[PDB]
Number of protein chains: 2
Amino acid sequence: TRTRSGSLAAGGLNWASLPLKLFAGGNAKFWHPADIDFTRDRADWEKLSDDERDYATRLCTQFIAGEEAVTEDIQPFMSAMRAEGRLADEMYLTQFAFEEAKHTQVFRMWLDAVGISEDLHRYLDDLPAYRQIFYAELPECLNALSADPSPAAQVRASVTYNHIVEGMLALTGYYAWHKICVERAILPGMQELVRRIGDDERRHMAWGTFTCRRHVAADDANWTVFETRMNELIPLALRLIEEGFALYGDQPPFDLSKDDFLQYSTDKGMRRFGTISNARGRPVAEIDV
Amino acid sequence: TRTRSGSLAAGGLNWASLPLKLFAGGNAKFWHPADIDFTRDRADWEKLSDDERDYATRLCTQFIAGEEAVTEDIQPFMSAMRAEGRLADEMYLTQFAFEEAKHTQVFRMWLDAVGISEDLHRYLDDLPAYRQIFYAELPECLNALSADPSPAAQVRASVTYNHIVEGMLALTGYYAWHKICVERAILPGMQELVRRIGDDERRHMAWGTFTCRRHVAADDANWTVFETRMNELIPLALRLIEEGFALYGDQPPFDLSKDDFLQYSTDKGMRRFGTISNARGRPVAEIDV
Ligand SMILES: CCCCCCCCCCCCCC(=O)O
Ligand SMILES: CCCCCCCCCCCCCC(=O)O
Ligand SMILES: [Fe+3]
Ligand SMILES: [Fe+3]
Ligand SMILES: [Mn+3]
Ligand SMILES: [Mn+3]
């Protein structure tokens, strides 16, 4: 439904804007899935116990379905950016979406490398909080942006996507793979993939932080939205973590500590608020363009 | 609105499917905008005549606005792929969209390198066919997919996007930059950018070809759709080319021949049909999955 082109504006694009800096970062730090050596993970995998394989398969399942979900569910944000006339942010989000596709790809390649070929949905059957987040909260909230690209809708969506799903859940998951792999010096392919996905995620989270901060600065009502949505989801995220532990008698393999993981995740969620609240009362110019 | 996850299916993803082969290709052949040396183009640029700069600025304007448009307008196709349950195609399209963003980026960097900072919309004022394609036909047709992800809607959208805008117009534009730059051995940064964008475009067009072929094979009614939409747009594309020549008295700089360019573009459009018509009557298995 088009009238003008952002790329043709006087002065061009502002390469110093956050989304364009992130885009350039993603270009400089682009990594190739074909560069990750998976040829050693199967040997480690076969040496694990049944329980250890079960746990790691279930963690992997949660990951790859989550990547897939974000790949799909990020799309309405691109639409919102277009509605706001923010080409640089739209550009950034194309990279974001591509990266999530590539995350989906690399987990799939790891699964293939370790010999996993069965339907994995069964690993989500007993994780109702997971399904509530990834099959309901995330798509429903993101999809709202198609009809309502308002600052309030953006903030709600960014909380769900960037601050909870990435900021709380994915980071806690990376910590889980850390606990599984590092001290035992196993699964070097997984380890490498997690490092690289982590690196991409740093940018995705920077974008989400930026997005909430600029709306918060512009209108303190958006702080309301932020705080409310965070407080709604933190317990649901924590329930996901709890349900996962419960399936293993709260004593999973790899010596994972339920209390450690709840503390970690809580910290990750809690630390989010401060990072946004600092935008309150700031000239939007100090935050944006 | 989610129920299952494609990434969790028995047997995983099919790495041999066309969209996944293209995705892997795009990963292997990823190019960095920061690798293109632009530091020599300004010197060449300043040696051109006013007329030559005018013509090339207008060609560049058409390009970068077109990249921007496709970056934006590809999005509804991702939605259609999701509706069809085709995760591999969705994945591919994230890469496609990212690449168009990066195309937009690199043309913007070239403009900056040559010292162009004015608002460029004025270069489109006298190109009404351009505006009709890029501001009306392309967004309207693509946007239809949001509400109607049917095979017929997909085919119409793919004709507009892949077969006309890329297949006919962009290819003719690459030929224009070839005529401008190669024999004179100028603008090595432009030349390099055009080669790299060309390489990405080969994949985008492969995807569009695949998409039309699989719907055509599945139902010959989709051949109707294809043929009709092509025949509707070819004259509009040719009018775009004509209007561009007319502004320069049908004798632009760089010794460009109107008749040569009309023949080239016509050939590019015409050659499209055969590539799709061969899918008629074929088992879809010979074309897809
Ligand atoms: C004890 C560990 C429980 C950790 C929870 C695992 C859930 C994985 C969430 C995946 C989200 C991916 C989102 C993204 O890539 O941006
Ligand atoms: C005599 C030359 C006239 C050529 C027409 C120039 C129009 C440029 C179209 C740009 C389309 C970009 C689409 C894409 O990148 O996929
Ligand atoms: Fe992410
Ligand atoms: Fe393209
Ligand atoms: Mn990810
Ligand atoms: Mn392009």
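Numbered from 1 within each chain, the chains take letters A, B, ... in sequence-line order. Ligands are counted one by one from 1 in listed order, and the atoms in each one are counted from 1 as well. For the numbers below, each heavy atom of this structure counts, side chains included, while hydrogens, waters and symmetry mates do not.
- Short contacts between ligand 1 and A:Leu240, defined as distances under 4.0 Å to a heavy atom of the residue, involve ligand atoms 5 (C).
- The existence of a salt bridge linking B:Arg108 and B:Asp112 is confirmed by a sub-4.0 Å separation between a basic side-chain nitrogen and an acidic carboxylate oxygen.
- B:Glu100 pairs in a side-chain contact (heavy atoms from CB on, under 4.5 Å) with only one of the listed residues (B:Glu166, B:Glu68, B:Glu72), which is B:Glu166.
- Nearest protein heavy-atom neighbour of atom 7 (C) of ligand 1: A:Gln62 CB, 4.0 Å.
- Per-residue contacts place A:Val165 under 4.0 angstrom from the following atoms of ligand 1 (heavy atoms of the residue considered): 11 (C), 13 (C).
- B:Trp110 and B:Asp41 form a side-chain donor-acceptor contact under 3.5 Å, judged by distance and modelled atom types alone.
- Taking every non-hydrogen atom of A:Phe245 and a distance limit under 4.0 Å, the qualifying atoms of ligand 1 come out as 1 (C).
- Every atom of ligand 1 is numbered from 1 in the order shown, and the set under 4.0 Å from a heavy atom of A:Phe261 is 1 (C).
- Heavy-atom contacts of A:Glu166 reach the following atoms of ligand 1: 14 (C), 16 (O) (cutoff under 4.0 Å).
- The protein heavy-atom contact nearest to atom 3 (C) of ligand 1 is A:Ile241 CG1, 4.4 Å.
- Legend: residues meeting side-chain hydrogen bond (donor to acceptor under 3.5 Å, both in side chains) with A:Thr211, ordered by chain and number and at least two apart, are absent.
- Nearest-heavy-atom check against atom 8 (C) of ligand 1 across A:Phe63, A:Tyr174, A:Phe107, A:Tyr248 picks out A:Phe63.
- For ligand 1, one of its N or O atoms has an N or O atom of A:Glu100 under 3.5 Å away.
- Judged purely by distance below 3.5 Å, without hydrogens or angles, the side chains of B:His103 and B:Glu201 never pair a donor atom with an acceptor atom.
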Would you list the atom pairs, donor with acceptor, under 3.5 Å between side chains in residues 235-244 of chain A and any protein atom, with sequence neighbours excluded?
{"from": "A:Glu243", "atom 1": "OE1", "to": "A:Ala129", "atom 2": "N", "distance (Å)": "2.8"}

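- Around the Mn ion (ligand 5), the protein contributes the following N, O or S atoms under 2.8 Å, ordered by chain and number: A:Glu67 OE1, A:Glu100 OE1, A:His103 ND1.
- A cation-pi arrangement is absent between A:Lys258 and A:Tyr248 under the rule of less than 6.0 angstrom and at most 45 degrees off the ring axis.
- Going from atom CZ of A:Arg122 over to atom CG of B:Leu8 covers 11.5 Å, rounded to the nearest 0.5 Å.
- Only side-chain heavy atoms of A:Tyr55 come within less than 4.0 Å of ligand 1; its backbone N, CA, C and O stay farther off.
- Shown here are the salt bridge (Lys or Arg N to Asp or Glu O under 4.0 Å) partners of A:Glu99, two or more places apart in sequence or in another chain: A:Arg203.
- Those atoms of ligand 1 that come under 4.0 Å of a heavy atom in A:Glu67, given as number and element, are 14 (C), 15 (O).
- Under the 6.0 Å cut-off for aromatic ring centres, B:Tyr264 and B:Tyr174 do not qualify, their centroids lying 6.0 Å or more apart.
- Residue contacts with ligand 1 for A:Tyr175 are absent, since no atom lies close enough (heavy atoms, distance under 4.0 Å).
- Nearest approach of A:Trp45 to A:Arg53, heavy atoms of both residues: O-NH1, 3.0 Å.
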